[PDB]
Amino acid sequence: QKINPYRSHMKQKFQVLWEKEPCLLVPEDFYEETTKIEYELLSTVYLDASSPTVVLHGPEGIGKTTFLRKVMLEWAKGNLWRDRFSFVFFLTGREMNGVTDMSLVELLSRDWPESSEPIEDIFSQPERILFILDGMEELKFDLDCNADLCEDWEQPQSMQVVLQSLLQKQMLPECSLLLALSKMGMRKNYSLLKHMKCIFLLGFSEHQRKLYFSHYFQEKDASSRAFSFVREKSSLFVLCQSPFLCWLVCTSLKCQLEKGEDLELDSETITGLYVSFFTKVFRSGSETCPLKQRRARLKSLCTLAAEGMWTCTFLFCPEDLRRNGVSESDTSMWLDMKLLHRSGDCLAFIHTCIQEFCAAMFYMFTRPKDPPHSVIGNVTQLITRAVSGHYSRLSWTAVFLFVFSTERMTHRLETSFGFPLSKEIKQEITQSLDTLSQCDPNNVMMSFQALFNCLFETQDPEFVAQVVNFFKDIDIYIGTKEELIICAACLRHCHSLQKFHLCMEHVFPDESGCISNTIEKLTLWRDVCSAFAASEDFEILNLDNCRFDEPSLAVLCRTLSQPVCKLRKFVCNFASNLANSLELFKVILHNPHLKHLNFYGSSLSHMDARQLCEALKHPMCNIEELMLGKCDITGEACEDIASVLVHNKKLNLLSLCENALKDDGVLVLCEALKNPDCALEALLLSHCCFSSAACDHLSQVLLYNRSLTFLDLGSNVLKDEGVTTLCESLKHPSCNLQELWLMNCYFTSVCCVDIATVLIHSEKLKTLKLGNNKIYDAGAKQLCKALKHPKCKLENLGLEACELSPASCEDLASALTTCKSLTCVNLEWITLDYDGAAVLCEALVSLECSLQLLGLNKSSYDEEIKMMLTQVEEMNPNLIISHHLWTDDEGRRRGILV
Ligand SMILES: Nc1ncnc2c1ncn2[C@@H]1O[C@H](COP(=O)(O)OP(=O)(O)O)[C@@H](O)[C@H]1O
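Here the residues of each chain are numbered from 1 in the order the sequence is written, which can differ from the numbering of the entry; residues without coordinates are not included. No hydrogens and no water enter the side-chain calculation; it runs on all heavy atoms of the structure. Residues with missing side-chain atoms are left out of burial classes, side-chain pairs and their counts.

What follows covers the overall build of the chain. Comment: elements are numbered from the N terminus, with helices defined as DSSP H or I runs of at least four residues and strands as E runs of at least two. For the chain, the helix and strand inventory stands at 40 helices and 22 strands. Projected onto its principal axes, the C-alpha positions of the chain cover 100 × 65 × 65 Å.

Now the structure itself:
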């Protein structure tokens, strides 16, 4: 083998570490038998020579860290990737947390012996390097790609930006990465990961569990007794799959055997298993200690764990132990009872999960007399940080805290420990959850998955109901059967839901078609759907990228079609199939309260459109607003859609944005609208890829429709002939058009005079949005003169990003002080100088101005103009300056957002 001293140093160091870090020294043969499949998969996936990045997937406690340590140790002895990988660097979140500002070169050199190859020399061939990011969920900073990404390793940079660049492969694209994340980590980082590869850890099996039990128990008879005892219990045996939970069960059984009491264990939930483990180890490890001193020791350990969790520190220096109140004898006591262990020259908890367990246990010792710790947050802060999706770093703690809220669990804790515990934790949690429920959902971005997990783990149906009924808008993603059962347990007895957003995949039968699972799955789905019909406030239902089958969707339609339900808005994204279409037709036919449909993103064909139009032809339909944005509808399919407008007189809003009609759908719609019988009032055709050829036909609509009022034809190549034809059509007062949206129509200022005519002649046009068009100072001048003409009944005018000039300001200055009916003007992205800004501000200050809303970006100006704008805002409380005034409103009206 090639001579290498970094490899030898890593081999020695992690060979030493492998015999102390794990809870028990598992035999090497048995361990490699347990995880042989994943080892082979990794060996096959890294023998292929941007290298793809593979991430280990699984819940906490399966052994991802141990697996990574074993793999890289085997590499260190050279039995793996001998001719593939030359240098492998192990990076853990806990050791990088203490780093404030340091370059990657120094980070790699901190453990790289000097008497070796230079770092630049080893980096000259970055195709042979592997960066194993282990336990990145223990980091103090979350990953959101907000920060800038760097490409140079030599230059000092912060840890967050370096990690982001390495993850996104903009820094050393040819390097290989090995990751280990949980389910929540995958959910948070799915967007960030590219070329992602998935490897799943399976844990222990039947024979593996038996062998591990026999290895843990050096004896035979009681070992077989314990194995049988865990065998008769289905839930305990299922939870025994995780090696850490298996070790917890083994040590709890050992404590029970050494105590002499009969084998008893509460295995309803994982948290119950943790509580039993802690109770029995505490009872077995303290027998000659007074209960006052026992309580003091437990409180000191709990405060230490809570401080470690809140400060994101997992290596405890003896100074920290002295500060928190831990003595040498107490340290020896916990080392003997196997709750802490040496990680070199410092101490660390036996496992991170036990660490947040003790951190949550700390909150049971609340003392009103004691002042706030100023470092550890209160219950409300912990709940907010755990249930919110921004950080989601102390979720597990909250979970344990939730289990501590139940009367039975706290009674068991008080009985076992012997000293009373705080009983206001449940009330405080309820108040905090109510407070966050009262907050607007947009500014909080609450992660309902963590809250639902806590509610499922607490097993308090009345408390679950009280918590769930606080929230009105529920967003949920269901990708696993465990997620499905958790959601069913949370929403079985919900009767306050009003807005539901569901992203549900990979759950209903696609593999393993056994008789069991699936029938129960359907029952779970029926229990979930029961919330739709059990609450008389259900308004909006949004199925985003959902994957249904025939029986599940049939059950959902049966639930929604009941007359007791009052669903109003149905937003179905990326879901339209033959069975899906038929079931949606059943929903539309049987529901009289349904009025708003948004099929944005759902790909449709000619047959699908024909079936939908045939269903809409039914006279029982009470549908009013219909949006089919980005449905890939062509002109011929519009032939069916037009037929709907022939019969459906209740419909009054139609949006067909982001289509490819190419004047054919426009011609068909105009021909349908020729009949003076349609009650359509709003039509949106943005980005329909249609030209001015059909615009003349649209002209014939404006002279024949007395009901159509709102027309949006934006983001279409209309040039000047189209807009001139539209103006000629709108010259006649007989037109009933009220609002016109012609942004990004690619017209110039020469045709603006025609617009300058219609603003004088049209007495019914209230809103005109001509933004994002190259109309220069000249066209601005004719528009301003048209407003100056004192017969213009125009209210809203949007000329954003029109490439205006400061010379136009004077023309604007006269307009705002002359047009009395002008209320809102959006003139964003205008270049202003001192002279133009001064006259504009004077015009705004002048009392003759009737403007109420001004769309302009104040931040994009120099100090003088910004100061003048602030002054004019101060002197005019009745005028509001804003940016992005109509973007969200336009998106909502077109259905792009929802
Ligand atoms: N195959 C196995 N045999 C014996 N013990 C295991 C095995 N896999 C994991 N463990 C134990 O489970 C614990 C898992 O901890 P860790 O390696 O940090 O992974 P995780 O982060 O998933 O908990 C380790 O302390 C280890 O002792």
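The criterion for strand pairing is that DSSP finds at least two bridges linking the strands in question. Strand order across the open sheet formed by 5 strands is β2-β3-β4-β1-β5, with parallel pairing between neighbours. Each edge of the open sheet carries a strand with a single partner, namely β2 (87-92) and β5 (196-200). Taking each pair of neighbouring strands and ignoring which way they run, the sheet shows an average axis angle of 20°. Pairing between strand β1 (residues 53-57) and β5: 5 bridges, direction parallel. Each residue of the ladder has a partner; that of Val54, found in β5, is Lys197. For helices, the fitted line uses only the C-alpha atoms of the stretch in contact; every axis is such a line through C-alpha atoms, and the angle between N-to-C directions lies from 0 to 180 degrees.

Here we come to helix α4 (residues 64-76). A helix is expected to span 1.5 Å multiplied by its residue count minus one. In this model, α4 (13 residues) spans 18 Å end to end at C-alpha, consistent with the 18 Å of a helix rising 1.5 Å per residue. For each residue, the accessible area found with a 1.4 Å probe, counting protein chains only, is set against the maximum for its type, and the residue is called buried under 20%, exposed over 50%, and partly exposed in between. With respect to burial, α4 is a largely interior element, 11 of its 13 residues being buried. When α4 is considered as a whole, its buried residues turn out to be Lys64, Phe67, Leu68, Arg69, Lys70, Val71, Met72, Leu73, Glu74, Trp75 and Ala76. Backbone geometry just downstream of α4 places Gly78 in the positive-phi region, at approximately 85°.

The residue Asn659 is located in the loop between β14 (653-655) and α32 (664-673) in this model. Contact partners of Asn659, with chain neighbours within four places excluded, come to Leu628, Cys631, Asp632, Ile633, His687, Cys688 and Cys689. Whether two residues touch is decided by their heavy atoms; if any such pair falls within 4.5 Å, the residues are in contact.

When a carboxyl oxygen of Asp or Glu lies within 4 Å of a side-chain nitrogen of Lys or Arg, that pair is called a salt bridge. Applying the stated rule across the entire model yields 24 salt bridges. The closest approach of N and O atoms between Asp712 and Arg894, which form a salt bridge, is 2.8 Å. One end of the pair, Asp712, is in strand β16 (residues 710-712); the other, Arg894, is in helix α40 (residues 887-894), with 182 residues separating them in the sequence. In this structure, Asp712 and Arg894 share a single accessibility class: buried. With a shortest N-O distance of 3.3 Å, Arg893 and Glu739 are connected by a salt bridge. With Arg893 in helix α40 and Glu739 in strand β17 (residues 739-741), this pair connects stretches of sequence that are 154 residues apart. The exposure class assigned to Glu739 is buried, which follows from its relative accessible area of 13%. Among the charged side chains, a network of salt bridges with common partners joins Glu307, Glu319, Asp320 and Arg323.

Looking now at helix α14 (residues 270-285). Counted at 1.5 Å a residue, the expected span for α14 with its 16 residues is 22 Å, and the 22 Å between its end C-alpha atoms agrees. α14 sits mainly inside the fold: 12 of its 16 residues count as buried. Inspection of α14 places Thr271, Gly272, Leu273, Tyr274, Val275, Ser276, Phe277, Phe278, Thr279, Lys280, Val281 and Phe282 among the buried residues, and these make up the whole buried set.

Structurally, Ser103 is set in the loop between α5 (93-97) and α6 (104-109). Looking at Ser103, the relative accessible area reads 8%, which means it is buried. The spatial distance from the C-alpha of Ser103 to the C-alpha of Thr271 is 41 Å, given a sequence separation of 168 residues. Once residues lying within four places of it in the same chain are set aside, the contact partners of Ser103 are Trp153, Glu154, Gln155, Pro156 and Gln157.

Two elements in contact, helix α35 (residues 752-761) and helix α36 (residues 777-788), have axes whose closest approach is 9 Å; the angle formed by their N-to-C orientations is 10°. Our classification of the angle between α35 and α36 gives roughly parallel. Taking contact as the criterion, the partners of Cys752, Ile755, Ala756, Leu759 and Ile760 in α35 are, on α36, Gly779, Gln782, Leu783, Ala786 and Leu787. When residues are sorted by character, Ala, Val, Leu, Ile, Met, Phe, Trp, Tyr, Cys and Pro go into the nonpolar class, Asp, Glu, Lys and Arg into the charged class, and all the rest, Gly among them, into the polar class. Within the contact of α35 with α36, the residues separate by chemical class into 8 nonpolar, 2 polar and no charged. Note on angle classes: values under 35 degrees are labelled roughly parallel, values over 145 roughly antiparallel, values of 65 to 115 roughly perpendicular, and the remainder oblique.

The domain limits used here are those given by an automatic or database domain assignment. As far as domains go, the chain holds domain 1 (5-200) and domain 2 (452-894). The C-alpha centroid of domain 2 is placed 47 Å from the C-alpha centroid of domain 1.

Here we come to the packing of helix α31 (residues 635-647) against α32. Relative to each other, α31 and α32 sit at 20°, their axes nearing to 8 Å. In terms of axis orientation, α31 runs roughly parallel to α32. Handedness of the α31/α32 crossing: right-handed. The residues of α32 that touch α31, namely those facing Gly635, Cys638, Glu639, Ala642 and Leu645, are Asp664, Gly665, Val668, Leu669, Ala672 and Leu673. Residue classes in the contact of α31 with α32 are distributed as 7 nonpolar, 2 polar and 2 charged. Helix crossings get a hand from a simple test, with the near helix turned counterclockwise from the far one by less than a right angle marking a left-handed crossing and a clockwise turn marking a right-handed one.

Only heavy atoms are used to decide nearness, and a residue is near a molecule or strand if one of them lies within 4 Å of it. In the region of the ligand, 15 residues are neighbours, and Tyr31, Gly61, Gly63, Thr66 and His351 sit closest. In this structure, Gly61 approaches the ligand through a main-chain N or O atom, which is 3.1 Å from an oxygen atom. One nitrogen or oxygen atom from the main chain of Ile62 is found 3.2 Å from an oxygen atom belonging to the ligand. In isolation the ligand offers 560 Å² of accessible surface; the protein chains occlude 90% of this area. Looking at the shell around the ligand residue by residue, the class counts come to 8 nonpolar, 6 polar and 1 charged. The definition of a polar contact used here is a pair of N or O atoms within 3.5 Å, where within protein one atom must be able to donate a hydrogen and the other to accept one, and adjacent residues in sequence count solely through side-chain atom pairs. Note on areas: these come from Shrake-Rupley sampling with a 1.4 Å probe, and a residue is covered only by the protein chains present in the view.

Every second residue of strand β9 (residues 499-504) is oriented toward a common face, the buried set being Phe500, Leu502 and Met504 and the non-buried set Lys499, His501 and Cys503. Bridging between strand β8 (residues 473-478) and β9 involves 6 bridges; their strand directions are parallel. Bridge pairing in β9 links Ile476 to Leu502. As for the winding sense of the linkage, the β-α-β connection from β8 through helix α26 (residues 481-491) to β9 is right-handed. In this structure, β9 lies alongside strand β10 (residues 540-544), joined through 4 bridges in parallel fashion. What sits directly across from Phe500, in β10, is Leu541. When the strands point away from the viewer, a crossover counts as right-handed if the path from the first strand over the helix to the second runs clockwise. Considered for its hand, the β-α-β crossover made up of β9, helix α27 (residues 518-534) and β10 is right-handed.

Note on aromatic contacts: the rings of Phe and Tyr and the six-membered ring of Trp form a pair at centre separations within 6.5 Å, being stacked when their planes are under 30 degrees apart, edge-to-face when over 60 apart, and tilted otherwise. Enumeration according to the criterion identifies 43 aromatic pairs in this entry. Note on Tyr274 and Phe400: the rings are 5.3 Å apart at their centroids and 55° apart in plane angle, and the pair reads as tilted. Placement of the pair is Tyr274 in helix α14 and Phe400 in helix α20 (residues 395-405), with a sequence separation of 126 residues. Classification of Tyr274 by relative accessible area gives buried; the value is 2%. Judged by centre distance (5.6 Å) and plane angle (85°), the ring pair of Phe278 and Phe357 falls under edge-to-face. Here the residue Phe278 occupies a position in helix α14, and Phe357 occupies one in helix α18 (residues 352-362), the gap between them amounting to 79 residues.

Assignment of secondary structure puts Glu583 in helix α29 (residues 578-590). One buried charge, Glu583, has no salt-bridge partner; the nearest side chain with opposite charge is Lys586, at 5.9 Å. Not counting residues up to four positions away in its chain, the partners in contact with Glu583 are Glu550, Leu553, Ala554 and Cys557. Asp and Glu count as negative and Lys and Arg as positive, but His and the ends of the chain are not part of the count.

Residue placement: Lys64 occurs in helix α4. Counting along the chain gives 139 residues from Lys64 to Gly203, while the straight-line C-alpha distance between them is 9.8 Å. In this view, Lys64 contacts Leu56, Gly58, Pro59, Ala180, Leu181 and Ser182; residues no more than four positions away in its chain are not counted.

Further remarks concern the nonpolar core. Counting residues in each nonpolar core, the largest one holds 235 residues, and the members touching the most others are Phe452, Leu455, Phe500 and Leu759. For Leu455, the residues in contact, after removing those within four places along its chain, are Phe402, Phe463, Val464, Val467, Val468 and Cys490. Within the second largest apolar cluster, 62 residues are counted, among which are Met72, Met96, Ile119 and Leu139. Within this scheme, the nonpolar core is defined by two criteria: the residues are buried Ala, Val, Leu, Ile, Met, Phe, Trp, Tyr or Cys, and they are joined through side-chain atoms within 4.5 Å.

To continue, consider the environment of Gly855. Along the chain, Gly855 turns up in strand β21 (residues 853-855). Its relative accessible area of 0% is what places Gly855 among the buried residues. Through-space distance from the C-alpha of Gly855 to that of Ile633 is 35 Å; in sequence the pair is 222 residues apart. Residues contacting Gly855, with those up to four places away along its chain left out, are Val825, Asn826, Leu827, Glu828, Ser882 and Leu885.

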